Amino acid sequence: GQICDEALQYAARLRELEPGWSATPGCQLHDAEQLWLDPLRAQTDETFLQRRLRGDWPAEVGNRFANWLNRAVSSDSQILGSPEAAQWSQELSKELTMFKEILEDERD
Amino acid sequence: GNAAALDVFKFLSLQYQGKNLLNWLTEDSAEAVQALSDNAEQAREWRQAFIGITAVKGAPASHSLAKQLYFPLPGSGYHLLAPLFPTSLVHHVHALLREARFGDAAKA
Amino acid sequence: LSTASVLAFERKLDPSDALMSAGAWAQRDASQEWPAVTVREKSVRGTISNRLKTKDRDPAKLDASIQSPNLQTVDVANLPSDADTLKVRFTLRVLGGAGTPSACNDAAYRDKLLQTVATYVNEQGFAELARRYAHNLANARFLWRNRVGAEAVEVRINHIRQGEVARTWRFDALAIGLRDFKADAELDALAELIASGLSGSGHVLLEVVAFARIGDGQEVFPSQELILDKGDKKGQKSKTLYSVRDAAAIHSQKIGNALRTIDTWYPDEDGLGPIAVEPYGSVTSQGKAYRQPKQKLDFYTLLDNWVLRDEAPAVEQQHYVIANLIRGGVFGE
Amino acid sequence: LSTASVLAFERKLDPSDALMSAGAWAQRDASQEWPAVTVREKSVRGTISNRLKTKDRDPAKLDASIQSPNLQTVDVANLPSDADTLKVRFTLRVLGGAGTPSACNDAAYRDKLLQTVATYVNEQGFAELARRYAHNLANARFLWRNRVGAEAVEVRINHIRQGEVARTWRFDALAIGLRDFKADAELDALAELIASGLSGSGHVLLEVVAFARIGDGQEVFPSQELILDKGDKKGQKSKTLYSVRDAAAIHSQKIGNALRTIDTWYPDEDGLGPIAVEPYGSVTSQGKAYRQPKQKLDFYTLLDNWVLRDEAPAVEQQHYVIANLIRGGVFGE
Amino acid sequence: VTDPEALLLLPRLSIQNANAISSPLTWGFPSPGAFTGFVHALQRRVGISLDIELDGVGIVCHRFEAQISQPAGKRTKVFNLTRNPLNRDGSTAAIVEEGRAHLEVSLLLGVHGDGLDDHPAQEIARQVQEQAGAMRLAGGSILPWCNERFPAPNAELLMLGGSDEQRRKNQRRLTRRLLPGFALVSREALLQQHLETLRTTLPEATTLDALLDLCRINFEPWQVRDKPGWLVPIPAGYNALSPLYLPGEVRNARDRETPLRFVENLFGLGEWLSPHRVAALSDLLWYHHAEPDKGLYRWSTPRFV
RNA sequence: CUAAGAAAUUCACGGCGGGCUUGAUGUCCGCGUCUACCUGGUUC
DNA sequence: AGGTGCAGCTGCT
DNA sequence: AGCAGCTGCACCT
């Protein structure tokens, strides 16, 4: 629960602090983090710039953050075969369930 | 007090070392006569002089360079608070801190 | 009646820390994206050049002592090697209500002081003191060593009412000297604004920018800090210069000292020019103190004779008492 | 009468850090977009080569110490392999007002000190000192080890008034030696300009570029930095070189030391080259002090006899005192 | 000490040269007694004339830097001092030490008055923000607006008017513009239960603050004990050590119309939280209460968790 | 009505001379990515 | 980059 | 004909 809030504050102060956000290296691949933890429109705001990340469904970022969180909490047959890995996955699910509601009230 | 008197406090501070007459310098003069080796008036003057360490010794006053803040009452006027410096609490915390920093068991 | 045992005044005319950036002349009107100057480090090595002792000179010992030099590491700040000028920016607010103390013990001393300040303001305004305070904004005394040797210093001052500019002022800081106080047709509007803000209604906000054409790659002089040093084998000092967010800066009290250089009425001479308004008026770059208490021209005895015994001094020396009431301080019996 | 307890002066010749870049000769007129010289690092593996104390100079100890090598990492700066010239560029400004101190306690001392300096400047101008100062910009002495063994050195000097060029000078730095002070017709215009700056009648800002033709891929020598930790055997960094934003450079005090190599008046010799002006004029490479205090020819003896007792110390030695005042420092007690 | 009718934002207060030491035992952020005294002074100078009451404060620290230094690679820090004027004889003066800091904070206030009903909200917010930009907060002056940016105008959120879903969406709206930093709350019950857990050795409470502001490692018979957040030792009011005097008794008093008392600090525990992880925004607010029969003058944050 | 109220750290400076980092080497074996779909966004 | 207490002195009374 | 001040010196961990 503390590790979620540190990432929230780092996304709120890191990209939001610097007043610049150019095109990412490899924009076909570096666009998920550049869309989620990215700023609003700027001087390079094209026609499909202010109508792409604010109009699209901002709910893939929760599963993308859960995919990063799955690496930190190690899983295997030692935990998945027991009944503690199910609760250890359900706690991360209950934490990342608010990641689309608290992390999706800006654009949508 | 003044610094020039501080060495005299050493003569008032040796009564807790070796002997047990640290409270025997002024009153209970059985240890203050065979070890004092004086008359009765000299013993009375010494008992009056060494008992003045623990006295009040001052009229209740403050200064213009002290703090004196205001504090609000529940639905009334105010109170003037004059905070002082906790010498003894600071000395106790300092003695608890330097031993944890360096000492016998902390270094072992 | 007597003097209150607890007496205190609050600082009016408080500035902020000024920030330093760099760029080129004839683009100074678009100087909002100019990059900041930064503090770096370098190493120096010198030899014995101090006035050594009167009997330990010893012409074989000086040769043996010259072979071991000194070695340091210092902080330093320069302009970039393509930038021409230096920009110094700060803000100032005038606070108003310059007669009322922040703390006073008696109720009779308080009203006697109140009516004394009331007769002063009713007889003459704050116009002389504001005309002298606006000079150190019209010229650029607040850049201390950055003003020496420059070929062009200009100052832009703008007044801020809402989130927009109400009025603007542009000066040429090298024409207005550092010795006399003369009244121009443009300095009087700023003096009237400072005098209206100093009379009690609220606060008045100004923003002061100074541009100094200093060279190209030359070094600049921010404030340096006072620390109690390290004392080990490592490098003890860096001759540390002051920074806000990786940008070289000047302190607030140094600019406040530069704005206060007012009184030419001290009884030594006006050969040193104006000094800063202090009780027992002393100069740190001079080692000594004018306005000694052996004469009757310090702050305490003048206020004691003006409030208690009711003998008003000369109209020149009436400005000095109001000046270090605007300055502030803690005084007690 | 005695000397004041606070007495400080500031320097009147301000140079900057001299950055270096590289290119090809016969293109030095288009050398504005030449790329800079960068600092790299490499590995060295040395052997023992110092004197042995003949206490542990055994036949087996030396062979044992040979097998354990010392491995270090050093910084290095070379020219590119398609470029043969080095270009060094800096700016300089001459301030003037070289008699008035920066801080002074006594007012009876500073008035007669200003009287002494004023009778010097009225008796003879700043022409001799400015001639000897312009010589050290003509022959490129500020390139210290980048000047030995060079094929050709050339120096350009500009005069800047606004963002323009007022006058230009070109010199062959190898024809003008490092020994004599011989007057040309083109060097005297630069001497007149530097004296006009030092006197106070004008603002003088110069920029100096020096080209040195060395060879393809040869090693250049920037300023060297202090390493705080003791040198440690087996891979520790051993030397570091000075830099600005990814470009090699020389310190400002090192190219300032090569401008005040002026005085030939020291009593040891005059044909062994000019040395730098200093109190107890001393070379740290030689490990000795000319102008010892046992004689009467150091700065603190001549200054204290010229002001306190009014004993002029001969025209030749009067340029030494004024050059020391142009240098700066804290004199007195 | 009621639930406030409205909340008042003060969006980004930049303070220069505040007081850093704040206690005879700590040195970090300034004490919250400064913030409660600031809002009481603001009430005395505005709310008497605008017919409102201000009692609560919420301290969200956006950023913070201190004038400190690091000597010789030692594991301590010192304070950068200022240069005072010379003495009367003209030699030097003795040095007293004080620490200064540059902080940027935000303050949410609680309004209980009846002035809300008869006047527009934005006028009250604008007048409070305009009057607040002319005095100081912690010994350091409040810096005004800078050019080339859009300034933040403060708003008046209404708490006791509306539906509950609209309430929760407004509280989720106002937490958007205050998330960069964190909030500071008090933890008396947590310190009490942690004293009662390890009470089998020594029941002195002062050896508990000095057991949570350290890094304790009892290794294997390499592990670090799980810190539940960011626990900091703070000053938590005053405690008297002298009887109450009369308005003329003590000389050199600040005012001769108010009784005086000598006083020691009290030390408690606090915590820095993200603003998302609270239920409502009125749980944060700091209040102060006095028991003049005792000597207990204490500020704390009630109605939190 | 705020551990309230107040404050100039400054002047000068050559880091520098030398150097051999080397000698050998096997990354191997095996594998099912499948099912669906109107751009008639306003590619201004 | 010490504060406090006392011996001595002055000086016009 | 003493009050008040003031300077300067010494003590001390």
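As recorded in the entry header, the structure was determined using cryo-EM to a resolution of 3.1 Å.

Participant: Give me the overall build of chain C: which residues, what numbers.
Facilitator: Looking only at helices and strands, chain C has eight helices and 14 strands in total. Projected onto its principal axes, the C-alpha positions of chain C cover 70 × 60 × 35 Å. Pairs at least 24 apart in sequence give 73% of the contacts found in chain C among residues at least 6 apart.

Participant: Would you mind going over the sheet that holds strand β7 (residues 103-104) of chain C in detail, with residue names and values included?
Facilitator: Residues and elements named next belong to chain C. Taken in spatial order, the three strands of this open sheet run β7-β1-β14, and their pairing is antiparallel. Edge positions in the sheet fall to β7 and β14 (329-331), since each of these pairs with one other strand and no more. As paired strands, strand β1 (residues 7-9) and β14 are joined by three bridges and run antiparallel to one another. Bridged to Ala8 within β14 is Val330.

Participant: Could you give me a rundown of the side chain of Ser31 of chain E, with the residues and numbers involved?
Facilitator: Residue and element names in this part refer to chain E. With respect to the helices and strands, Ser31 occurs in the loop between β1 (6-19) and α1 (32-50). At 3.1 Å, the side chain of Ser31 forms a polar contact with the backbone nitrogen of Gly33. Not counting residues within four places of it along the chain, the set of residues in contact with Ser31 comprises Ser22, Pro235 and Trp299.

Participant: Quick one: what's the story with the relation of the copies chain D and chain C, residue by residue and with numbers?
Facilitator: Both copies of the chain are related through a single rotation about an axis accompanied by a shift along the same axis. Between chain D and chain C, the superposition needs a rotation of 50° and an axial shift of 10 Å, giving an RMSD of 1.3 Å. An overlap of only 2% is found between the interface residues of chain D and their copies at the interface of chain C, pointing to separate contact surfaces.

Participant: So what's going on with the domain arrangement of chain C? Residues and values would help.
Facilitator: All names here are of chain C. For chain C, the domain assignment lists domain 1 (1-10 + 98-125 + 262-333) and domain 2 (11-97 + 126-261). Here the C-alpha centre of domain 2 lies 28 Å away from the C-alpha centre of domain 1. Across the boundary between the two partners, domain 1 contributes 26 residues, which contact 21 residues of domain 2. Elements with a minimum of two residues in the side of domain 1 that touches domain 2: α2 (108-123), β12 (261-263), β13 (275-276) and α8 (317-327). Ranked by the residues each element gives to the side of domain 1 that touches domain 2, the list is headed by α8, at five residues. Along the lines of polarity and charge, the residues of the side of domain 1 that touches domain 2 split into 14 nonpolar, eight polar and four charged.

Participant: Explain the interface of chain D and chain C to me, and be specific about the residues and the numbers.
Facilitator: Taken together, the contacts link 46 residues of chain D with 39 residues of chain C. Among the secondary structure elements, those contributing two or more residues to the side of chain D that touches chain C are β2 (13-15), β6 (85-94), β7 (103-104), α5 (252-257), β17 (288-289) and α6 (299-307) of chain D. Top contributing element to the side of chain D that touches chain C by residue count: β6 of chain D, with four residues. In terms of residue class, the side of chain D that touches chain C is built from 16 nonpolar, 15 polar and 15 charged.

Participant: Please provide a residue-by-residue account of the sheet that holds strand β4 (residues 40-46) of chain D, values included.
Facilitator: Adjacent strands of a sheet pair through backbone hydrogen bonds, lying either parallel or antiparallel. Residue and element names in this part refer to chain D. Taken in spatial order, the three strands of this open sheet run β4-β5-β11, and their pairing is mixed. With one partner strand each, in any of the chains shown, β4 and β11 (236-239) form the two edges of the open sheet. Sheet twist, expressed as the average angle between the axes of neighbouring strands with direction ignored, equals 40°. Relative to strand β5 (residues 70-76), β4 is paired through seven bridges, and the arrangement is antiparallel. In the sheet register, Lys42 faces β5, and the bridge partner there is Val74.

Participant: Any chance you could break down the interface of chain E and chain C for me, citing the residues and the numbers?
Facilitator: Taken together, the 40 residues of chain E in the interface contact 44 residues of chain C. For the side of chain E that touches chain C, the elements supplying multiple residues, two or more each, are β1, β2 (54-66), β4 (78-79) and β5 (100-111) of chain E. Sort the elements by how many residues they give to the side of chain E that touches chain C and β5 of chain E lands first, with three residues.

Participant: For the packing of aromatic side chains, give the residues involved together with the corresponding values.
Facilitator: On the numbers, 6.0 Å between centres and 55° between planes, the contact of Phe9 of chain C with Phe331 of chain C is tilted. Linking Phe9 of chain C in strand β1 with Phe331 of chain C in strand β14, this pair joins segments that are 322 residues apart in sequence. When the centroid spacing of 5.3 Å and the interplanar angle of 85° are considered together, the rings of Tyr238 of chain E and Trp299 of chain E count as edge-to-face. Residue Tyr238 of chain E is located in strand β8 (residues 231-240), and its partner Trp299 of chain E is located in strand β11 (residues 296-300); the two are separated by 61 residues in the primary sequence.

Thresholds applied
- Residues numbered from 1 in each chain as written, not as in the entry; some residues may be left out.
- Chains lettered and ligands numbered in written order.
- Part of a larger assembly, values for the part shown.
- Heavy atoms only, no water.
- Residues with missing side-chain atoms left out of burial classes, pairs and counts.
- Helix = DSSP H or I, 4+ residues; strand = E, 2+ residues; numbered from the N terminus.
- Contact = heavy atoms within 4.5 Å.
- Pairing = 2+ DSSP bridges.
- Polar contact = N/O pair within 3.5 Å; in protein donor to acceptor, adjacent residues only side chain to side chain.
- Least-squares fit on C-alpha atoms.
- Domains from an automatic or database assignment.
- Nonpolar A, V, L, I, M, F, W, Y, C, P; charged D, E, K, R; others polar.
- Axes fitted to C-alpha atoms, helices over the stretch in contact; angles between N-to-C directions.
- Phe/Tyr/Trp six-rings, centres within 6.5 Å; stacked < 30°, edge-to-face > 60°.

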